[PDB]
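**Q** Sharing a structure below in structure tokens format, with a few things to ask.
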Amino acid sequence: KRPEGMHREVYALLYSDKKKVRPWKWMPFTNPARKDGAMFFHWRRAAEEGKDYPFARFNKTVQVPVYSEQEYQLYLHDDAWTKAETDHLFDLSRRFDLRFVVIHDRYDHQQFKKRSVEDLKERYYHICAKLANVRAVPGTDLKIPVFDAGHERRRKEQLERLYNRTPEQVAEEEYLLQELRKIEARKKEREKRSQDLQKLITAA
Amino acid sequence: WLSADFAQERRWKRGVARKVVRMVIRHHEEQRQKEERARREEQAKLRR
Amino acid sequence: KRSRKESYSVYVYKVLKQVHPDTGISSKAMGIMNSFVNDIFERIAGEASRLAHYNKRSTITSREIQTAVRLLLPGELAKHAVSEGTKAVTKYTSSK
Amino acid sequence: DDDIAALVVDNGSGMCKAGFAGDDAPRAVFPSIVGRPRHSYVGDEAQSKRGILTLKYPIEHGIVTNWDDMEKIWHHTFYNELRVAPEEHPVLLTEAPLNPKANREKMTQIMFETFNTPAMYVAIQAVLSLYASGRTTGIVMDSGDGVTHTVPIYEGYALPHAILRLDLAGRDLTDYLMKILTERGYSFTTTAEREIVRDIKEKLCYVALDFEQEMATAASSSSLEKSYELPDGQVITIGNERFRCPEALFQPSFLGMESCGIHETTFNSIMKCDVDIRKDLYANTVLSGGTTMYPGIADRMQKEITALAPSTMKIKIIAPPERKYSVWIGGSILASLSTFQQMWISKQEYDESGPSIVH
Amino acid sequence: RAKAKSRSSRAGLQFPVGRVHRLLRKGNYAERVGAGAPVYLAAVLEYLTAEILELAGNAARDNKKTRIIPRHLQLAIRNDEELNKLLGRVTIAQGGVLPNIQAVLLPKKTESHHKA
Amino acid sequence: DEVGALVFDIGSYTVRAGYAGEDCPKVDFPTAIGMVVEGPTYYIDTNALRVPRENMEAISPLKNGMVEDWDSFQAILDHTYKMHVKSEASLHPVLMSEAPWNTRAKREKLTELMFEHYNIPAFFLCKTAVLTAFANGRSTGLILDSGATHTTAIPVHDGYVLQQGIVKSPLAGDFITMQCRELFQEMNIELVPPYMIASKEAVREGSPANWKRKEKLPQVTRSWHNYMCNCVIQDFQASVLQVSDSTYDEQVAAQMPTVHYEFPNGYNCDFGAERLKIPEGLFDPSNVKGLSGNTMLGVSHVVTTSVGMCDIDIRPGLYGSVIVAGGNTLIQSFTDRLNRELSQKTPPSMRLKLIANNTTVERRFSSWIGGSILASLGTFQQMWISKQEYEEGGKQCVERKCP
Ligand SMILES: Nc1ncnc2c1ncn2[C@@H]1O[C@H](COP(=O)(O)OP(=O)(O)OP(=O)(O)O)[C@@H](O)[C@H]1O
Ligand SMILES: Nc1ncnc2c1ncn2[C@@H]1O[C@H](COP(=O)(O)OP(=O)(O)OP(=O)(O)O)[C@@H](O)[C@H]1O
């Protein structure tokens, strides 16, 4: 007699073709990423009461250099910049992860004269390059690729000119766009073809 | 990571709420359909 | 106003990546693979339809497809497909 | 199949609606109190010894603590539910109007730990009460003992931004009654007799329909002295309390603690909801809680919401005739449900995540 | 409602069981297709595709290439004993037949020193 | 990562308080709490404020999105802590939102006020724009918040606000309320709040309201009466007002279907082009009576100005992430008009993109949801202002841990 006893489809296919004891508890914990020893709380398991906080690894601070007063007075002296004017830049860099698009806004324009983004970045990179050049053993990337602030300035200016284009530099600019191809084709197809046809007529 | 999770979780929570509401509506409708089917079961018992 | 056309490029690239993580596939190779998929689809479907029709049956069932796979695939190739299909059906009816 | 095994609980501060789920009524209840020596009991024993024990309410207007008081409440509920866990026990517990994190996380953790339940769940009383009837949205009054919920539960979700509450549901109303008495006839002056006091409202709970009639109920001077009888047999001919403190619920100023009346409270609650959703809020107003039996509350709510609500929207009342335990009825309808099995929390997801689950 | 689960995920297949059953039900292959027919068909298609893709990737790695091309597919189909039997009638675009080695020319004849 | 905390979103219109990790705030009540000088008594519950009694002069503890009454601020905080929260502040860290233009003096006074009075374990003061960007799935982008007091476009770059790019306009909920007041006064509509109505009878459209005044009236102030009237006006706004798809055209405005609305006193009438001429002032304040002045910047103008004052290197990203939030943004067709105006103004190169969050919860509670997901991150645990940090570094610690 047919054994079956299982699902119809599977059966036909096969034959027709022969206590928990882990309590969660409210636990305090100290985050190694902090220096003040602030004690926080977390919903942890009982098997790991006391283990280090795992997210502490996500605390890699930016590499903003630190230098002494003597080093500054000796090498980083600048007629246009004073210590009160320079230390604030590095403070903002250390505080905002060394991004100059936010540091410029944070610049205290009350006590300090107005500075652009490009000149602030240039001063920072120049200070870094000087600190490196006055260092030999620590290998602080002696050959830093300091950007050209003037090229950066003119780039910021030309693209800003390309920004505001409402009246005719965005709509009528289609004319100059078509001209970009016309002049690259009409000028050639006229003058070079004139030369070619003159040579042909000479041969003819 | 957490914002995508929160958005998906809000959507899934609203979906589950819709599910449970439709399910209780189905429970009531099926209770009445079960009264009707008890009448039909009286008929089917006559038939048997 | 779009005229979208379908293809198996989505399940073949997935299969390729699950069996060959580092090796890709070109567009024309993908089209050839899709053509092979469609051809085997047609062959198996026609074989199952004809097999069901021989037994005066109006429904193509998993058993018909299983015997069609036994018939079409040659030598030591059918057995593997039949086993895969059976293990997928058993794992499908088990509600996993 | 948690359906056939379902368990439900609704403790609050009024009455512990607990026991095995599957039927359309609570298997057994107790007044949800615990007592200890003055210089341990729970349930009916605590209610019997209220005159000699140090009674405390493990539920305080929604706040709950489960280490001894609510743990003893649950240990007594063990008598209402089935016996030792492995028999039958999918457990959903009593959540407050809005205390989601603090209540849910700790309650779930400690209940799982104590009762070792392979199954459990948590949800707010509002949705489980709305499930008693089943419709798009509800503005359930849920006037129980310690809370008067205004929950606008649209599509089964308790919108917290629009959630409001009032505090004149239980012990406040009974105290206002006890102090209105002894100004008009007999009374008592201690919590040991507040039960026999509320036993006056458990039989005579006709409402005055103030602000539309406002004088005729008492001016009739006839067919209003039902003369509730005390254990001795006194016939003092219960008077204006026949019309006083049904309205204190709707007029908190009448008691002294002032706030939006229940009718206008719920009105504002739905006003805080979306403008496109509030349509079905008027036409699907539900009433829940023991304090809502009060046969006259239906017409009072109709009249007041009509006075406040626009004319274009009609006030459709669907208050169940047995709204006494509307919470328990819908909660069991939800729990006792075959297709609801896939939404319970078990050992697996507990161990993988813990009580820090979505809640 | 409950979170909808596809039929390809239940069985554990990558190819579309849904689209397979779709092509079948309105493909006139039968009157009322069974619930298991499409699952089995998709499983067999997936297995065959996985095998041919394995062979094509092996051929590509042997040829030191990353993108599979008709060359690799043809080589794989004609090298395997059973796939060639299954695809004997088939021809592939931009494909080729198995080649021969030219090393045989060297030790028979080459250019002599005459005016080299 | 997730610790029992309380995210406070103290908006000028409503304050939202709840636990970190939730999808919605635990409580949401109007910020214009009523006050009675009895110390002074404050009511922080909708059922305890909109009540026919208790003069409750509206003190509005904050104004212009900044704290202006520290005593009323303490009172509202206390009430929020023991009315719906019902928990000791010392057991829950506090993440509170702040207006970008909030001064440092305030920031520090608020910080110290939450350590010597409430003794909270940790503190953090994040800007509303940062939280909004955090919630909508963007670290860089422009935050357009059209609140009750002001409509502001706050450019956020890398999770930090660019102050120089902040643009504010007084065309906000207050302006809409004023315009609705003017419209009602022009149409001979008596704005009768609910608390003054005893009963009413249905009347025909446009006919005088047939309502009875309560005899035992409350002793309300002009402030509380105006507050009730403003609540009614805001209901009218949410029910009727609709932004014009294109620039307001009177001829096209007279071809739109009317919207029916019944005031609390029973007066009901259909509104035609008057409901679409009010919301036009937000985008085009030129055609506004009594607003004679062109310095006022519309929503699209505010956005374009805020993006123009920023470095061009980030303007593409700003246009690619323009998050719209606020209560006023819930007005019908507001998003479409804004997107159309921005597409017409935004240069072609700049890919304009408007995040598709438009739900009431998603819009009004964006600032709170941001902090809710920000305080639930394990990475945020290292940024808290701990009690020790405040005790050692003082009140000025707010400027370093949460600039
Ligand atoms: N037979 C009855 N008739 C009229 N009123 C009753 C009757 N029985 C109880 N009540 C009233 O109902 C109240 C009981 O409140 P209930 O048990 O519904 O509170 P709860 O909703 O469970 O608690 P919470 O408010 O915390 O949710 C009592 O205060 C009592 O006055
Ligand atoms: N449903 C609605 N439809 C249309 N407009 C509405 C609606 N609800 C509220 N508003 C308007 O939105 C305004 C409230 O703005 P909102 O509270 O969102 O700002 P906010 O988040 O408090 O701003 P801030 O955080 O800067 O204080 C009110 O003045 C009201 O006119």
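Chain labels run A, B, ... following the order of the structure tokens; each chain numbers its residues from 1, and ligands are numbered from 1 in the order shown.
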Using only C-alpha atoms, determine which residues of chain E fall within 12 Å of chain D; present them as a ChimeraX atom specification.
**A** /E:1-3
**Q** Report the closest atom pair, with its distance in Å rounded to one decimal, for each residue of chain D that has an atom no farther than 8 Å from chain F; count only C-alpha atoms, sort by chain and then rising residue number, and write it as a tab-separated table.
**A**
```
residue	atom	partner	partner_atom	distance
D:98	CA	F:26	CA	7.0
D:99	CA	F:85	CA	7.3
D:101	CA	F:19	CA	7.1
D:102	CA	F:4	CA	7.8
D:160	CA	F:26	CA	5.9
D:161	CA	F:28	CA	5.1
D:162	CA	F:28	CA	7.1
D:163	CA	F:27	CA	7.4
D:164	CA	F:47	CA	7.3
D:165	CA	F:47	CA	7.4
D:166	CA	F:47	CA	7.3
D:211	CA	F:198	CA	7.7
D:258	CA	F:48	CA	7.3
D:259	CA	F:48	CA	4.7
D:260	CA	F:47	CA	4.6
D:261	CA	F:47	CA	7.9
D:265	CA	F:47	CA	5.6
D:268	CA	F:46	CA	7.3
D:274	CA	F:360	CA	7.5
D:275	CA	F:239	CA	6.2
D:307	CA	F:199	CA	5.8
D:308	CA	F:264	CA	6.8
D:309	CA	F:264	CA	7.6
D:310	CA	F:262	CA	6.1
D:311	CA	F:202	CA	6.7
```
**Q** Output N, CA, C and O atoms for every residue in the selection just made, as a JSON list (two decimals), in the first residue's frame.
**A**
```json
[["chain", "number", "residue", "atom", "x", "y", "z"],
["D", 98, "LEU", "N", 0.04, 57.13, 27.89],
["D", 98, "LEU", "CA", 1.31, 57.38, 27.21],
["D", 98, "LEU", "C", 2.43, 57.40, 28.25],
["D", 98, "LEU", "O", 2.66, 58.42, 28.90],
["D", 99, "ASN", "N", 3.11, 56.27, 28.38],
["D", 99, "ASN", "CA", 4.38, 56.17, 29.09],
["D", 99, "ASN", "C", 5.18, 55.08, 28.38],
["D", 99, "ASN", "O", 5.68, 54.15, 29.03],
["D", 101, "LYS", "N", 8.18, 54.17, 26.70],
["D", 101, "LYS", "CA", 9.49, 53.58, 26.94],
["D", 101, "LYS", "C", 9.62, 53.07, 28.37],
["D", 101, "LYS", "O", 9.81, 51.87, 28.61],
["D", 102, "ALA", "N", 9.50, 53.98, 29.35],
["D", 102, "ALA", "CA", 9.76, 53.63, 30.74],
["D", 102, "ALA", "C", 8.91, 52.44, 31.18],
["D", 102, "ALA", "O", 9.41, 51.54, 31.86],
["D", 160, "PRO", "N", 0.29, 60.13, 19.26],
["D", 160, "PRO", "CA", 0.68, 60.77, 20.53],
["D", 160, "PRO", "C", 0.64, 62.28, 20.49],
["D", 160, "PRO", "O", 0.43, 62.90, 21.54],
["D", 161, "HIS", "N", 0.83, 62.90, 19.33],
["D", 161, "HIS", "CA", 0.82, 64.36, 19.25],
["D", 161, "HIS", "C", -0.55, 64.92, 19.63],
["D", 161, "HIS", "O", -0.64, 66.00, 20.22],
["D", 162, "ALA", "N", -1.62, 64.20, 19.28],
["D", 162, "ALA", "CA", -2.97, 64.64, 19.59],
["D", 162, "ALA", "C", -3.53, 64.04, 20.87],
["D", 162, "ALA", "O", -4.64, 64.40, 21.27],
["D", 163, "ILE", "N", -2.79, 63.15, 21.52],
["D", 163, "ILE", "CA", -3.26, 62.51, 22.75],
["D", 163, "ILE", "C", -3.32, 63.53, 23.88],
["D", 163, "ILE", "O", -2.34, 64.24, 24.14],
["D", 164, "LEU", "N", -4.46, 63.59, 24.55],
["D", 164, "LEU", "CA", -4.66, 64.38, 25.76],
["D", 164, "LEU", "C", -5.29, 63.49, 26.82],
["D", 164, "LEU", "O", -5.56, 62.31, 26.59],
["D", 165, "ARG", "N", -5.52, 64.05, 28.01],
["D", 165, "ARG", "CA", -6.10, 63.30, 29.11],
["D", 165, "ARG", "C", -6.74, 64.24, 30.12],
["D", 165, "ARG", "O", -6.45, 65.44, 30.17],
["D", 166, "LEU", "N", -7.62, 63.67, 30.94],
["D", 166, "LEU", "CA", -8.23, 64.34, 32.08],
["D", 166, "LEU", "C", -8.14, 63.40, 33.28],
["D", 166, "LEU", "O", -7.93, 62.19, 33.13],
["D", 211, "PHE", "N", -26.37, 72.40, 31.08],
["D", 211, "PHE", "CA", -26.13, 73.39, 30.03],
["D", 211, "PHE", "C", -27.15, 73.35, 28.90],
["D", 211, "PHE", "O", -27.12, 74.21, 28.02],
["D", 258, "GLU", "N", -9.92, 72.14, 38.07],
["D", 258, "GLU", "CA", -10.49, 72.69, 36.85],
["D", 258, "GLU", "C", -9.72, 72.18, 35.64],
["D", 258, "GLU", "O", -8.50, 72.03, 35.69],
["D", 259, "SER", "N", -10.45, 71.92, 34.56],
["D", 259, "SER", "CA", -9.87, 71.48, 33.29],
["D", 259, "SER", "C", -11.01, 71.40, 32.28],
["D", 259, "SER", "O", -12.19, 71.54, 32.63],
["D", 260, "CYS", "N", -10.65, 71.19, 31.02],
["D", 260, "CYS", "CA", -11.66, 71.02, 29.98],
["D", 260, "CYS", "C", -12.58, 69.86, 30.34],
["D", 260, "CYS", "O", -12.13, 68.78, 30.73],
["D", 261, "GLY", "N", -13.89, 70.10, 30.20],
["D", 261, "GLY", "CA", -14.84, 69.02, 30.37],
["D", 261, "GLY", "C", -14.54, 67.87, 29.43],
["D", 261, "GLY", "O", -13.90, 68.04, 28.39],
["D", 265, "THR", "N", -12.97, 68.28, 26.23],
["D", 265, "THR", "CA", -11.64, 67.67, 26.24],
["D", 265, "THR", "C", -11.42, 66.82, 25.00],
["D", 265, "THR", "O", -10.44, 67.01, 24.28],
["D", 268, "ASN", "N", -11.25, 69.06, 21.83],
["D", 268, "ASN", "CA", -9.92, 69.60, 21.60],
["D", 268, "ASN", "C", -8.96, 68.51, 21.15],
["D", 268, "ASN", "O", -8.09, 68.74, 20.30],
["D", 274, "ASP", "N", -5.32, 65.86, 12.48],
["D", 274, "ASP", "CA", -5.27, 66.40, 11.13],
["D", 274, "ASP", "C", -6.65, 66.89, 10.70],
["D", 274, "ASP", "O", -7.67, 66.42, 11.20],
["D", 275, "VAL", "N", -6.66, 67.85, 9.77],
["D", 275, "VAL", "CA", -7.93, 68.43, 9.33],
["D", 275, "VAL", "C", -8.66, 67.49, 8.39],
["D", 275, "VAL", "O", -9.90, 67.47, 8.36],
["D", 307, "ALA", "N", -22.82, 70.82, 19.92],
["D", 307, "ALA", "CA", -22.68, 72.24, 20.22],
["D", 307, "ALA", "C", -21.31, 72.75, 19.79],
["D", 307, "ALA", "O", -21.18, 73.85, 19.24],
["D", 308, "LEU", "N", -20.26, 71.95, 20.04],
["D", 308, "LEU", "CA", -18.91, 72.38, 19.68],
["D", 308, "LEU", "C", -18.60, 72.07, 18.23],
["D", 308, "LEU", "O", -18.04, 72.91, 17.51],
["D", 309, "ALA", "N", -18.94, 70.87, 17.76],
["D", 309, "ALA", "CA", -18.57, 70.45, 16.42],
["D", 309, "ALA", "C", -19.33, 71.24, 15.37],
["D", 309, "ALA", "O", -20.41, 71.79, 15.64],
["D", 310, "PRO", "N", -18.80, 71.32, 14.15],
["D", 310, "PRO", "CA", -19.55, 71.98, 13.07],
["D", 310, "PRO", "C", -20.82, 71.20, 12.73],
["D", 310, "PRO", "O", -20.95, 70.02, 13.04],
["D", 311, "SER", "N", -21.77, 71.89, 12.09],
["D", 311, "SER", "CA", -23.02, 71.25, 11.71],
["D", 311, "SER", "C", -22.81, 70.20, 10.63],
["D", 311, "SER", "O", -23.49, 69.17, 10.62]]
```
**Q** At a cut-off of 9 Å, list the chain A residues touching chain D, using only C-alpha atoms, as a PyMOL selection string.
**A** chain A and resi 19-25+43-45
**Q** Could you work out which residues of chain F fall inside 10 Å of chain B? Count only C-alpha atoms, and format the result as a list in words.
**A**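 The answer, sorted by residue number, is residues 21, 22, 23, 24, 134, 135, 136, 137, 138, 369, 370, 373, 374, 376 and 377 of chain F.
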**Q** Mind writing the picked residues with C-alpha atoms as a compact mmCIF listing (two decimals), in the first residue's frame?
**A**
```txt
# COMPACT_ATOMS: atom_id res chain seq x y z
CA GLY F 21 14.30 56.70 19.84
CA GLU F 22 10.57 57.24 19.33
CA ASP F 23 8.92 58.03 16.00
CA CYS F 24 6.74 60.76 17.55
CA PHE F 134 19.55 64.82 10.48
CA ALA F 135 15.98 63.54 10.24
CA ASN F 136 15.37 63.93 6.49
CA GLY F 137 18.44 61.88 5.60
CA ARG F 138 20.93 64.64 4.72
CA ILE F 369 12.53 63.59 15.23
CA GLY F 370 16.02 64.79 14.33
CA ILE F 373 17.42 59.82 16.11
CA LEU F 374 20.51 61.83 17.12
CA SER F 376 19.78 57.21 19.94
CA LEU F 377 23.22 56.90 18.29
```
**Q** Find the spatial neighbours of residue 91 of chain A, counting only C-alpha atoms, within a cut-off of 12 Å - ignore same-chain residues fewer than 4 positions away - and output them as JSON, numbers by chain.
**A** {"A": [62, 64, 65, 66, 83, 84, 85, 86, 87, 95, 96, 97, 98, 99, 103, 106, 107, 108, 124], "F": [400]}
